[PDB]
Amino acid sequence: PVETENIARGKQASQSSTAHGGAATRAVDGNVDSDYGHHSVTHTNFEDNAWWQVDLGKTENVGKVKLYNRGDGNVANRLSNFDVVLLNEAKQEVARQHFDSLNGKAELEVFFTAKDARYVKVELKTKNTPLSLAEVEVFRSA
């Protein structure tokens, strides 16, 4: 059971590197359009263990994180073998779930057991692969 407000919208975001103009803030702009050409999808360099993070600004009790994958270019696969991690205000892990793939689905809903965290991080565990997210939405436990 989760609230409906997406508390990641408009928050500070960052990522391991930036390529092709794909600013980290594109995953928290309020627009889940998955076509990279419509400018709302992030992109890091091709690198090992690429990551992306949003700072919620305060510790919140997180119940759901929703990832929206890139959809154009036949490169949706790059979002595979990754972790979704929640960190506290000291940047220590308070929760971690691993996923092998989204299975062609355009989105992934990740549920957390009422976890108090300030940061939400997506981490690829693959070599030489860029991280691109169309949007990451985060909802409080109800």
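Start at 1 and count along the sequence shown; that's the residue number.
*Asks:* Regarding 50-58 and 103-111, which shows the higher C-alpha temperature factor on average in the entry?
*Replies:* So the stretch with the higher mean C-alpha B-factor is 103-111.
*Asks:* Is the mean CA B factor in the deposited entry higher across 72-80 or across 27-35?
*Replies:* Stretch with the higher mean C-alpha B-factor: 72-80.
*Asks:* Taking the C-alpha B-factors as the PDB entry records them, is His98 in the lowest, middle or highest third of its chain?
*Replies:* Highest third - that is where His98 ends up once the chain's C-alpha B-factors are sorted.
*Asks:* Report the third (lowest, middle or highest) to which the CA temperature factor of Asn128 belongs, ranking only the modelled residues of the same chain.
*Replies:* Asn128: CA B-factor falls in the highest third of its chain.
*Asks:* Compare the C-alpha B factor of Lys91 with those of the other modelled residues in its chain, then answer lowest, middle or highest third.
*Replies:* Highest third - that is where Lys91 ends up once the chain's C-alpha B-factors are sorted.
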